[PDB]
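Presented below is the structure to which this report refers.
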Amino acid sequence: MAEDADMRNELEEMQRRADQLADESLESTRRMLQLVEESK
Amino acid sequence: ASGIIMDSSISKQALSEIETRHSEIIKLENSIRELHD
Amino acid sequence: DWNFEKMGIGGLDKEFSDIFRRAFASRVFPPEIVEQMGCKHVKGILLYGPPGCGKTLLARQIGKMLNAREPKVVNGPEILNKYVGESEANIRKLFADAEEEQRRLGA
Amino acid sequence: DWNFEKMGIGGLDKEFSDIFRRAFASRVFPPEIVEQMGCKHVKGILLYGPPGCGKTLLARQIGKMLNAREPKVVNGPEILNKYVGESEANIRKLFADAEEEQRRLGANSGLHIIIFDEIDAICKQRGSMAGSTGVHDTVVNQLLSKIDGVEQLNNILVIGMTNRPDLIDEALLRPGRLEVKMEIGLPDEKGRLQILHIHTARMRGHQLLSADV
Amino acid sequence: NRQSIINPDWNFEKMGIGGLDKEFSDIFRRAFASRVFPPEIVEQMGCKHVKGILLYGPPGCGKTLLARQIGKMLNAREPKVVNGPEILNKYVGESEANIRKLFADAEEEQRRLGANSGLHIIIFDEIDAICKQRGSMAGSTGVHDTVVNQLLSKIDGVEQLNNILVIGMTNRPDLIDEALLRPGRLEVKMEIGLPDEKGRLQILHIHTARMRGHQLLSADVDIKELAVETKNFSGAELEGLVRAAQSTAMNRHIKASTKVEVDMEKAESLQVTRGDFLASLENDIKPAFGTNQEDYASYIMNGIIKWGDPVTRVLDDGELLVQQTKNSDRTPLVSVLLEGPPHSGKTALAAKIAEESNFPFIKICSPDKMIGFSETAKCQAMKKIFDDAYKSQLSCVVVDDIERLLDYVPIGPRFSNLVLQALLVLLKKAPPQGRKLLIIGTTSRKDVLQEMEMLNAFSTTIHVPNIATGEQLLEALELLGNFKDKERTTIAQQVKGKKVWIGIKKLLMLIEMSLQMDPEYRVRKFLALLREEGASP
Ligand SMILES: Nc1ncnc2c1ncn2[C@@H]1O[C@H](COP(=O)(O)OP(=O)(O)OP(=O)(O)O)[C@@H](O)[C@H]1O
Ligand SMILES: Nc1ncnc2c1ncn2[C@@H]1O[C@H](COP(=O)(O)OP(=O)(O)OP(=O)(O)O)[C@@H](O)[C@H]1O
Ligand SMILES: Nc1ncnc2c1ncn2[C@@H]1O[C@H](COP(=O)(O)OP(=O)(O)OP(=O)(O)O)[C@@H](O)[C@H]1O
Ligand SMILES: Nc1ncnc2c1ncn2[C@@H]1O[C@H](COP(=O)(O)OP(=O)(O)OP(=O)(O)O)[C@@H](O)[C@H]1O
């Protein structure tokens, strides 16, 4: 089941891709707020 | 009265999506920088 | 601050005397001497008799006087469950904290 | 720094003699003669008998005896689990390291010891049980397959205990699996004297025992 | 390409399988004839190959050894081994993927190269963990059915694949899915039975050869003797016996009470003697299963003594009956009755008569096994025994202590009726064609049986007497030889006056009880006993 194990790991890799995307979104939102506050 | 029984169980997985939140945030990001500059 | 007057059990002098002599006596004498003697401690008690003699009361009272953790209670056939192999996991659970502290603190 | 006098087991001279003659004899002789003989070692020991005679004391002290890795122990049925194909995962997990070290080092590998306790809980005659969704069945066939195998191991030792020796599956007891079956019984007078002597040495050491005993 | 299918460096000897050889010859003839022959003839003939082999039999024989050897014999892609139910997995639809993963490579190779590829071997071990009946395996989940259907669809589906060999072994064949047990799938099936004498000799030689080569085996060892003694041993037991004997020899040079030591001198001098073999036969190893293992030592604890004429007469009659039943056509069934006064040795003579006969199938039916059985169980037990006896060509059975087999007691009378009707019909019916049956009955109370009207069903009766003359008493004493000549004369002087009536089973008891007293009172005590209890015609 080694190959099936790696298939599961690929699924978890897709899950971590979603997580990474959410993280960089969170960072983008923070940068939004910082710049918007700065302009004033 | 007949005896009483017990079970085995089996599980399955779900997928989820990835890309919409960043298509949105990316279309959002790259103009406020221009405005501030 | 324990005192036998506080127990509230009557007519059970001899039984409680024997239980105390057998079970807790080896925990109150000074540890140094028990070290030289090398005897392991008793780990069980069984109470049986006709209805309405005062078993549960005695058990509860013994539970209070011991300056230890709150006892775990099993209310008869609580532990049973319908998935294969989950019935015993409830048994394995109860002793886990005693095993853990045995490994960390020993004697 | 080992001898029979320290383990503190008494009344079982003959049993321990037999176990030693049939189990560890082949592994102590200088190997060259054994290579000429070309014999493969025994990989099974079964201890049974009535309650309270020292089966577990023997298995523990033997485990401490061998200059080997820490034994892997199984306190009754720790293997059963809800999901389809999980018990087998566990049982295959027990042997893994012995196979890997056999593959890497061959005859130079050390000795891995596995100690089952209450073996008759999980292994019974195939078919005596009925209607239990078969989860009790595939455990036995997995174990039978894995001990003898098509692929072979030559560096493991399985010790089993039970208080009911009859219900165990017959296929699991033929020579080459669990071979050496010993019976541990109630002692005779001499053994009783030995036991009494062992359990009072500490007290006699410090003179805590009165001269009138 | 001219790929061969057999390893050139191969020999049937090195395979070391022993007594199977006819089974192995059959396997080779069926499985590989199509491939050994050169191409053009088979091309003209256009015969397909067999794909599935099923091996079965009781525990501890060749089967795994044979499969490992067959895998080694070919020169092709290395086999992929499946160790029982390691296919099952916890997600939906994960088992079928695993199964198909095995055959994927063979499918691809066949598709690519066509009909000129190599061979792939898939070995299913403990196949009964998977292919149980889809109509019987528990209804709690599908996965067992869908696994069976996947295997059936893949081994011989719509696409034709004819370059794969699948080997299966099991313990309980009858459970396997019958759609898998049909030609073109698992088709040749064979029984790996218990080894005969010659096979035992072969196995022993195979396991002893290496020790012979280096002169570690002492020359006194007689392999044929060992073969003759060892009855019903399997191959595994035959190996374990040798291992135990070697261990008994090797232990002789080790000390292990104090810290272990080994003598580097006597380590050079090791040999195995036949005494070690003898010792291992009784203490360590015991053969399970097997047929016989009779404890005649419990039925005939004291052999026989020919205390007079009648013992010889009886034994001669029994021999005559055996000889007659051996070679006859008109009368394939013969029944003999033995009876006489109690305590007369009725059982010992019957068992010895049976043992002197050398029929393959010899069994004794006795009530001592049946304690507390109801009126039903006894019928079942008897029916089973006689069913077994009817299989073998030649069979002789002994039913002893009839009166206790009926629960007879005189106060009523009371007895079981079902048992008696079964016994009458089973005595009457003839055995299956060409077999022959002998039945020997034993009882103490002839007249009762006469009353119940079953005496006629027996063919002939034999009378077993007890001691009648003082001379015979003296001779029996001499043959026992427990008394001195002076005591013999002392006894004679009085015993000669009157005849005696006493059965030998009681004689032994009296002698033993007499020995317990002091020397000066033995004779007298003995006499008193013989006087008091011997009062009878
Ligand atoms: N010796 C006693 N002294 C004082 N009260 C008592 C005594 N024995 C019984 N009681 C009273 O009886 C009540 C019930 O007794 P308890 O719960 O011990 O029952 P039991 O006899 O052990 O029976 P059960 O088998 O039903 O549990 C106690 O709460 C207490 O009120
Ligand atoms: N031969 C012996 N020598 C020394 N101590 C002994 C002996 N037999 C019993 N004991 C004492 O009694 C205890 C018996 O425990 P043990 O685990 O050996 O029993 P057991 O028969 O295997 O138990 P179970 O039947 O519950 O599985 C030992 O730990 C030791 O305390
Ligand atoms: N006919 C035989 N000739 C020689 N050795 C034999 C023979 N039969 C068995 N043996 C030996 O005894 C052992 C048999 O092991 P093997 O795995 O073949 O038994 P098995 O009954 O096929 O296995 P299982 O118990 O899984 O059915 C091996 O050591 C083998 O060499
Ligand atoms: N010549 C002999 N014939 C038979 N048995 C003999 C003889 N000499 C000594 N014996 C011993 O005497 C024993 C007599 O007891 P046994 O049970 O065989 O007799 P029996 O007549 O069948 O018994 P029962 O009266 O109980 O039916 C025989 O088992 C055998 O051990």
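Ligands are numbered from 1 in the order shown, chains are lettered A, B, ... in the order of the structure tokens, and residues start at 1 in each chain.
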
Task: Interface residues on chain D facing chain E, 9 Å, only C-alpha atoms, written as a PyMOL selection string - done: chain D and resi 1-5+20-23+25-26+28-30+33+36-42+83-86+88-89+92+131-134+137-139+141-142+144-146+149-151+170-171+174-176+179-180

Task: Selection as a ChimeraX atom specification: residues within 9 Å of ligand 4 by only C-alpha atoms and all ligand atoms - done: /E:298-308,311,340-350,400-401,442-444,476,503-508

Task: Contact residues around region 421-426 of chain E with only C-alpha atoms at 10 Å, ignoring same-chain residues under 6 positions, as a PyMOL selection string - done: chain E and resi 378-379+382-383+386+402+406+453-455+457-458

Task: All residues 8 Å or closer to region 21-34 of chain A, only C-alpha atoms, same chain fewer than 2 positions away omitted, as a VMD selection string - done: (chain A and resid 17 to 19 36 to 38) or (chain B and resid 18 to 19 21 to 22 25 29 32)

TODO: Could you report the residues within 8 Å of ligand 2, using only C-alpha atoms and all ligand atoms, as a ChimeraX atom specification?
DONE: /D:8-12,49-58,118,161-163,191,195,198-199

Keeping N, CA, C and O atoms for every residue in the selection just given, could you write it to a file as a compact mmCIF listing (two decimals), in the first residue's frame?
```txt
# COMPACT_ATOMS: atom_id res chain seq x y z
N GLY D 8 15.72 -15.58 41.09
CA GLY D 8 14.74 -15.86 42.13
C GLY D 8 13.50 -16.63 41.71
O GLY D 8 12.39 -16.23 42.08
N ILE D 9 13.67 -17.70 40.95
CA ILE D 9 12.59 -18.62 40.63
C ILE D 9 12.99 -19.97 41.20
O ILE D 9 14.12 -20.43 40.98
N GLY D 10 12.09 -20.59 41.95
CA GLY D 10 12.37 -21.85 42.59
C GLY D 10 11.34 -22.93 42.33
O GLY D 10 10.16 -22.66 42.10
N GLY D 11 11.81 -24.18 42.39
CA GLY D 11 11.00 -25.34 42.12
C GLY D 11 10.83 -25.72 40.67
O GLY D 11 10.01 -26.60 40.37
N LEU D 12 11.56 -25.11 39.75
CA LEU D 12 11.37 -25.36 38.33
C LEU D 12 12.69 -25.68 37.65
O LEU D 12 13.00 -25.18 36.57
N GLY D 49 -0.91 -23.83 32.08
CA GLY D 49 -1.14 -24.40 33.38
C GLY D 49 -2.06 -23.58 34.27
O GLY D 49 -2.39 -22.43 33.96
N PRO D 50 -2.45 -24.14 35.40
CA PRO D 50 -3.47 -23.52 36.25
C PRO D 50 -3.04 -22.17 36.79
O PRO D 50 -1.86 -21.80 36.68
N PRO D 51 -3.97 -21.41 37.38
CA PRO D 51 -3.66 -20.05 37.83
C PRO D 51 -2.62 -20.01 38.94
O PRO D 51 -2.72 -20.73 39.93
N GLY D 52 -1.64 -19.13 38.78
CA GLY D 52 -0.72 -18.80 39.85
C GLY D 52 0.47 -19.71 40.07
O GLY D 52 0.69 -20.17 41.19
N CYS D 53 1.26 -19.99 39.03
CA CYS D 53 2.43 -20.83 39.19
C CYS D 53 3.71 -20.25 38.59
O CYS D 53 4.75 -20.92 38.67
N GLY D 54 3.70 -19.05 38.02
CA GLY D 54 4.91 -18.43 37.53
C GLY D 54 5.13 -18.36 36.03
O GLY D 54 6.26 -18.08 35.61
N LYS D 55 4.11 -18.57 35.20
CA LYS D 55 4.29 -18.43 33.76
C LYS D 55 4.82 -17.06 33.37
O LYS D 55 5.85 -16.94 32.68
N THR D 56 4.18 -16.00 33.85
CA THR D 56 4.64 -14.65 33.53
C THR D 56 5.97 -14.33 34.18
O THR D 56 6.77 -13.60 33.59
N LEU D 57 6.24 -14.87 35.36
CA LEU D 57 7.56 -14.65 35.95
C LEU D 57 8.65 -15.22 35.06
O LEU D 57 9.67 -14.56 34.80
N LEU D 58 8.45 -16.44 34.54
CA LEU D 58 9.40 -17.01 33.60
C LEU D 58 9.56 -16.14 32.36
O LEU D 58 10.69 -15.86 31.93
N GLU D 118 -2.03 -13.87 27.06
CA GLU D 118 -3.41 -14.32 26.84
C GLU D 118 -3.70 -14.60 25.37
O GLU D 118 -4.68 -14.13 24.80
N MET D 161 1.32 -17.44 26.40
CA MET D 161 0.76 -17.97 27.63
C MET D 161 -0.75 -18.14 27.49
O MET D 161 -1.40 -17.40 26.76
N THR D 162 -1.29 -19.14 28.18
CA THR D 162 -2.73 -19.28 28.35
C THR D 162 -3.03 -20.18 29.54
O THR D 162 -2.22 -21.01 29.93
N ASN D 163 -4.23 -20.01 30.09
CA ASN D 163 -4.80 -20.94 31.06
C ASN D 163 -5.73 -21.99 30.45
O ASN D 163 -6.20 -22.86 31.17
N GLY D 191 10.11 -27.91 46.34
CA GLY D 191 9.84 -26.61 45.76
C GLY D 191 9.21 -25.62 46.72
O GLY D 191 9.56 -24.44 46.73
N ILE D 195 10.68 -21.93 47.66
CA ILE D 195 9.90 -20.69 47.60
C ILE D 195 9.94 -19.95 48.93
O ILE D 195 10.18 -18.73 48.98
N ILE D 198 13.30 -18.29 49.32
CA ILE D 198 13.50 -17.10 48.50
C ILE D 198 12.76 -15.90 49.08
O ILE D 198 13.31 -14.80 49.17
N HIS D 199 11.50 -16.08 49.46
CA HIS D 199 10.68 -14.94 49.89
C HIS D 199 11.00 -14.43 51.29
O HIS D 199 10.22 -13.63 51.81
```

TODO: Check which residues fall inside 7 Å of ligand 1 when counting only C-alpha atoms and all ligand atoms, and print them as a PyMOL selection string.
DONE: chain C and resi 8-12+50-58

Requested write-out: N, CA, C and O atoms of the selected residues, as a PDB file, in the first residue's frame:
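Output file again_31.pdb follows:
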```pdb
ATOM      1  N   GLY C   8     -19.503   7.510  60.507  1.00  0.00           N
ATOM      2  CA  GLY C   8     -20.936   7.292  60.500  1.00  0.00           C
ATOM      3  C   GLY C   8     -21.402   5.885  60.204  1.00  0.00           C
ATOM      4  O   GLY C   8     -22.546   5.707  59.784  1.00  0.00           O
ATOM      5  N   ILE C   9     -20.555   4.879  60.407  1.00  0.00           N
ATOM      6  CA  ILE C   9     -20.900   3.475  60.198  1.00  0.00           C
ATOM      7  C   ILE C   9     -20.945   2.821  61.572  1.00  0.00           C
ATOM      8  O   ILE C   9     -20.048   3.036  62.394  1.00  0.00           O
ATOM      9  N   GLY C  10     -21.987   2.046  61.831  1.00  0.00           N
ATOM     10  CA  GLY C  10     -22.098   1.320  63.078  1.00  0.00           C
ATOM     11  C   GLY C  10     -22.386  -0.156  62.908  1.00  0.00           C
ATOM     12  O   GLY C  10     -23.096  -0.575  61.998  1.00  0.00           O
ATOM     13  N   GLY C  11     -21.836  -0.937  63.833  1.00  0.00           N
ATOM     14  CA  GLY C  11     -21.909  -2.382  63.791  1.00  0.00           C
ATOM     15  C   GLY C  11     -20.915  -3.082  62.900  1.00  0.00           C
ATOM     16  O   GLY C  11     -21.102  -4.265  62.605  1.00  0.00           O
ATOM     17  N   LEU C  12     -19.859  -2.403  62.461  1.00  0.00           N
ATOM     18  CA  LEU C  12     -18.881  -2.971  61.539  1.00  0.00           C
ATOM     19  C   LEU C  12     -17.468  -2.761  62.055  1.00  0.00           C
ATOM     20  O   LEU C  12     -16.559  -2.415  61.299  1.00  0.00           O
ATOM     21  N   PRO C  50     -25.919  -9.829  51.686  1.00  0.00           N
ATOM     22  CA  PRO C  50     -27.334  -9.576  51.376  1.00  0.00           C
ATOM     23  C   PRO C  50     -27.677  -8.100  51.303  1.00  0.00           C
ATOM     24  O   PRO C  50     -26.976  -7.258  51.879  1.00  0.00           O
ATOM     25  N   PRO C  51     -28.765  -7.759  50.607  1.00  0.00           N
ATOM     26  CA  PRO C  51     -29.153  -6.355  50.438  1.00  0.00           C
ATOM     27  C   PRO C  51     -29.303  -5.609  51.755  1.00  0.00           C
ATOM     28  O   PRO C  51     -29.763  -6.158  52.756  1.00  0.00           O
ATOM     29  N   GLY C  52     -28.913  -4.341  51.736  1.00  0.00           N
ATOM     30  CA  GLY C  52     -29.131  -3.430  52.845  1.00  0.00           C
ATOM     31  C   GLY C  52     -28.288  -3.659  54.080  1.00  0.00           C
ATOM     32  O   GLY C  52     -28.802  -3.562  55.198  1.00  0.00           O
ATOM     33  N   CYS C  53     -27.006  -3.965  53.910  1.00  0.00           N
ATOM     34  CA  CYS C  53     -26.094  -4.134  55.030  1.00  0.00           C
ATOM     35  C   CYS C  53     -25.074  -3.013  55.144  1.00  0.00           C
ATOM     36  O   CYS C  53     -24.445  -2.882  56.194  1.00  0.00           O
ATOM     37  N   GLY C  54     -24.905  -2.207  54.103  1.00  0.00           N
ATOM     38  CA  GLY C  54     -23.954  -1.114  54.109  1.00  0.00           C
ATOM     39  C   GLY C  54     -22.623  -1.322  53.411  1.00  0.00           C
ATOM     40  O   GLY C  54     -21.572  -1.011  53.971  1.00  0.00           O
ATOM     41  N   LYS C  55     -22.651  -1.873  52.199  1.00  0.00           N
ATOM     42  CA  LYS C  55     -21.442  -2.019  51.394  1.00  0.00           C
ATOM     43  C   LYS C  55     -21.037  -0.685  50.773  1.00  0.00           C
ATOM     44  O   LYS C  55     -19.974  -0.136  51.077  1.00  0.00           O
ATOM     45  N   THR C  56     -21.897  -0.147  49.907  1.00  0.00           N
ATOM     46  CA  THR C  56     -21.620   1.114  49.220  1.00  0.00           C
ATOM     47  C   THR C  56     -21.219   2.214  50.186  1.00  0.00           C
ATOM     48  O   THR C  56     -20.310   2.995  49.898  1.00  0.00           O
ATOM     49  N   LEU C  57     -21.913   2.335  51.312  1.00  0.00           N
ATOM     50  CA  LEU C  57     -21.533   3.347  52.288  1.00  0.00           C
ATOM     51  C   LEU C  57     -20.081   3.186  52.714  1.00  0.00           C
ATOM     52  O   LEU C  57     -19.317   4.156  52.746  1.00  0.00           O
ATOM     53  N   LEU C  58     -19.688   1.968  53.072  1.00  0.00           N
ATOM     54  CA  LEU C  58     -18.300   1.708  53.440  1.00  0.00           C
ATOM     55  C   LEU C  58     -17.335   2.089  52.324  1.00  0.00           C
ATOM     56  O   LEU C  58     -16.305   2.724  52.572  1.00  0.00           O
TER      57      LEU C  58
END
```

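Closest approach to chain B among E:181, E:92, E:468, E:20 is made by E:92 (distances from only C-alpha atoms).
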
- [ ] Residues of chain C near chain D: apply a cut-off of 6 Å, count only C-alpha atoms, and supply the list as a list in words.
- [x]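 The selection requested is residues 37, 84 and 85 of chain C.
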
Open item on the list: Give me the residues near residue 154 (chain E) as an MDAnalysis selection string, where near means some atom within 9 Å (using only C-alpha atoms) and where sequence neighbours in that chain fewer than 6 positions away do not count.
Closed with: chainID E and resid 99:100 103

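Shortest separation to chain A among E:55, E:414, E:150, E:101 occurs at residue E:101, atoms counted being only C-alpha atoms.
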
- [ ] Pull out every residue of chain B sitting within 6 Å of chain D, counting only C-alpha atoms, and send them as a list in words.
- [x]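 Written out as asked, the residues are residues 8, 9 and 10 of chain B.
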
- [ ] Going by DSSP on the backbone, which bits of chain B are alpha helix (DSSP H)? Write them as JSON, numbers by chain, please.
- [x] {"B": [20, 21, 22, 23, 24, 25, 26, 27, 28, 29, 32, 33, 34, 35, 36]}

Open item on the list: Only residues of chain C matter here; which ones have an atom within 12 Å of chain B, counting only C-alpha atoms? Give them as a PyMOL selection string.
Closed with: chain C and resi 80-87
